[PDB]
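Notes to accompany the following structure.
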2 protein chains.
Amino acid sequence: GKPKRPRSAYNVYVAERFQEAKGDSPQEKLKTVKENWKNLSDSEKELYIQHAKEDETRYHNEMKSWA
Amino acid sequence: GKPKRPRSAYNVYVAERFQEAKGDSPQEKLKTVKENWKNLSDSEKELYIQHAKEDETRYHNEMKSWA
Ligand SMILES: [Cl-]
Ligand SMILES: [Cl-]
Ligand SMILES: [Cl-]
Ligand SMILES: [Cl-]
Ligand code: NA
Ligand code: NA
Ligand code: NA
Ligand code: NA
């Protein structure tokens, strides 16, 4: 099957943090994570982005190999 | 506003080629482009992917700068 584009750094962060985020409803948990992404340190941001970049490089290689 | 994730190489190709693709309906034009992406040369594939990678690097920088 066609390789799948990996999740962005911003979406990895929102998803990974959602389950423990709190409080009151899924809407409210999402709202707070989106705030938390905004207030990450530069070095934490940098780490999320580097991990996503690595996954994107793998995806690029897979597209080029894909039959 | 929040930086927008750039379009993937595969989606750039499908979109850019759609208008002149032919023939008979939008569905059929899409179906044919998707076929054409599959049969690109390695070097043409490589070029699309490098252009998308450049846009993704710019997006990474913009996220890291974004206030
Ligand atoms: Cl990203
Ligand atoms: Cl990607
Ligand atoms: Cl891509
Ligand atoms: Cl990206
Ligand atoms: Na830091
Ligand atoms: Na990963
Ligand atoms: Na080639
Ligand atoms: Na571009």
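Chain identifiers are assigned alphabetically (A, B, ...) following the order of the sequence lines, protein sequences preceding nucleic acid strands; residue numbering begins at 1 within each chain.
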With heavy-atom distances below 4.5 Å as the criterion, would you say the side chains of A:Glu56 and B:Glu56 are in contact? yes

Interatomic spacing from NZ in A:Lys53 to NE2 in B:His60 - rounded to 0.5 Å: 8.5 Å

Are A:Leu40 and A:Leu30 connected, step by step, through hydrophobic side chains (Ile, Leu, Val, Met, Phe, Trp, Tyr) whose heavy atoms are closer than 4.5 Å? yes

Within a reach of under 6.0 Å around CZ of A:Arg5, are more than 12 heavy atoms found that belong to other residues, nucleotides or ligands? yes

For B:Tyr10, which residues count as a ring pair (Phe, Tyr, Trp, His ring centres under 6.0 Å) partner, sequence neighbours excluded? B:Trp37

How close do A:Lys38 and B:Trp66 get, heavy atom to heavy atom, and via which atoms? NZ-CH2, 3.4 Å

Looking at residues at least two apart in the chain, or sitting in another chain, which of them share a side chain to side chain contact (heavy atoms under 4.5 Å, CB included) with A:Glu54? A:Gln50, A:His51

Would you give the length of the straight line joining atom CG of B:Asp42 to atom NZ of A:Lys64, rounded to the nearest 0.5 angstrom? 9.5 Å

